[PDB]
């Protein structure tokens, strides 16, 4: 449950406001990953203001961005890296029965920083 994840986030020392959290889940190695509303510097608002048009063009509404990004980073398979080959990890994921690649940067505390689609 989200309530159990919040208790676990709390005991690991993450300081957060529940109403700011828009996604939280564990990846396959047990790391808690979470996404907050954020601002232009990080989090959901950073994803939307930078790359929101990508989602619009593939038919993913703005309201679905949290679930789509969260599924990629917690359930997806790393298939490469952006930057010079050691930057943001690229996750192979599934959206509505179709394969996409979504790159996601996460902090050491599990906070989702930024994300983008790839071709």
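Positions refer to the first chain, counted from 1.
Trainee: Please compare 50 to 58 with 76 to 84 and say which has the higher mean C-alpha temperature factor in the record.
Mentor: Per the deposited B-factors, the answer is 76 to 84.
Trainee: Which is higher on average in the deposited entry, the C-alpha temperature factors of 93 to 101 or of 7 to 15?
Mentor: The entry gives the higher C-alpha B-factor average to 93 to 101.
Trainee: Against its chain's modelled residues, does residue 42's Cα B factor rank lowest, middle or highest third?
Mentor: Ranked within chain, residue 42 CA B lands in the lowest tercile.
Trainee: Taking the C-alpha B-factors as the PDB entry records them, is residue 23 in the lowest, middle or highest third of its chain?
Mentor: Its C-alpha B-factor belongs to the highest third of this chain's values.
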